[PDB]
Structures are given as C-alpha cells and as structure tokens.
Amino acid sequence: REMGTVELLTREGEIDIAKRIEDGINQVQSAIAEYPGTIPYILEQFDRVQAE
DNA sequence: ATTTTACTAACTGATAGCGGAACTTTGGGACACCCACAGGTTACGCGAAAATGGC
C-alpha cells in the first residue's frame, strides 16, 4: 500500500532525477573546493601518486 | 671383597615459538531491458468475555 502510492518514472524522469543528483554533488564539490585545506590535500595525493 | 644405593650427566620427548606458503574467507562488482505476493483454507463445538451495533 505504501509503495503503490508512488508513480513510476519514465526515461525523461530518470534523466531529470540523475541530473538533479549530479547538480547537488557538483554544488557540494564546489563548496568543498572553496576551502584552503582542500586543494593542498589533492595536490599532495597527486604528488605521491605520480611518484608511482 | 662384594653388593646396594645415591649422585650425576646425557638422551629424548613435549612443548612454546616462529617462518612461510597454501588455504580458507570476506567484500566488491557485474550497464539490452526487466517495475505491486502470495496462497492454502474450512465439514469442530462450547462457554465466557470483550468488542460493535442498534435505536
């Protein structure tokens, strides 16, 4: 009963919801990027990675 | 002089530890599309007490 009350999606609906998820994740990523501690961490991770 | 015994040292087994490689074990992943379930059942009967319905 509780599940049936939700309508089924279509292709356009699935793409729209996925786009909203990606948009939210992008906003979160932009928020984390505006942080003095974030970018140096990624830079040092790449520094260790490129050293194999 | 001889026999029994106490002392001591060497052998051996059990055992705790370790190495390491094989073996078991755990967690992650898989992109044509798939989109609401069972699921046997019951020929009981009787009395109480508890929950519903009638105006």
Side-chain angles (χ1 to χ4, degrees):
Chain A
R1 299 206 319 248
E2 266 193 282
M3 161 226 93
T5 64
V6 162
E7 62 310 326
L8 194 55
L9 279 175
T10 66
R11 270 203 93 121
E12 319 177 359
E14 295 175 5
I15 278 82
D16 183 39
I17 291 191
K19 276 173 178 178
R20 299 163 49 181
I21 299 164
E22 199 184 9
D23 165 338
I25 291 177
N26 280 345
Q27 307 198 17
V28 173
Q29 203 180 8
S30 176
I32 309 164
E34 303 199 5
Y35 199 82
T38 299
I39 309 301
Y41 263 74
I42 298 301
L43 291 174
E44 60 94 12
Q45 289 293 331
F46 167 69
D47 197 1
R48 311 174 62 178
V49 165
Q50 188 63 218
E52 286 172 2

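Chain letters run A, B, ... following the sequence lines, proteins first, then strands; residues in each count from 1.
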message: For DNA chain B, report each stem as range with range, ordered by first number, or say none. Use Watson-Crick or G-U wobble pairs under 3.5 Å, at least 3 in a row.
response: none
- prompt: Looking at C1'-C2'-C3'-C4', which way does the sugar of B:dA43 lean, north or south?
  reply: north
task: Please check if atom CD in A:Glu34 has more than 12 non-hydrogen atoms from other residues, nucleotides or ligands closer than 6.0 Å.
output: no
query: With a cut-off of 6.0 Å (strictly less than), are more than 12 heavy atoms of other residues, nucleotides or ligands near CD of A:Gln50?
result: no
- line: Looking only at heavy atoms, the pair that brings A:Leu9 and A:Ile17 closest together is CD1-CD1, 3.7 Å
query: Between neighbours B:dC33 and B:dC34, do the six-membered base rings sit under 5.5 Å apart with planes under 30 degrees?
result: yes
task: Measure the CD1-CG distance between A:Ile42 and A:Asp47 for me, rounded to the nearest 0.5 Å.
output: 12.5 Å
query: Any side-chain donor paired with an acceptor under 3.5 Å for A:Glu22 and A:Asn26?
result: no
Chain A footprint on DNA chain B, 5' to 3' - any atom under 4.0 Å from a heavy atom: B:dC33 to B:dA36
Of residues 1-19 of chain A, the positions that come close to DNA chain B - non-hydrogen atoms, cut-off under 4.0 Å: A:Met3, A:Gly4, A:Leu8, A:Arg11, A:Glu14
Geometric stacking, B:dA30 and B:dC31, six-membered rings, under 5.5 angstrom and under 30 degrees: no
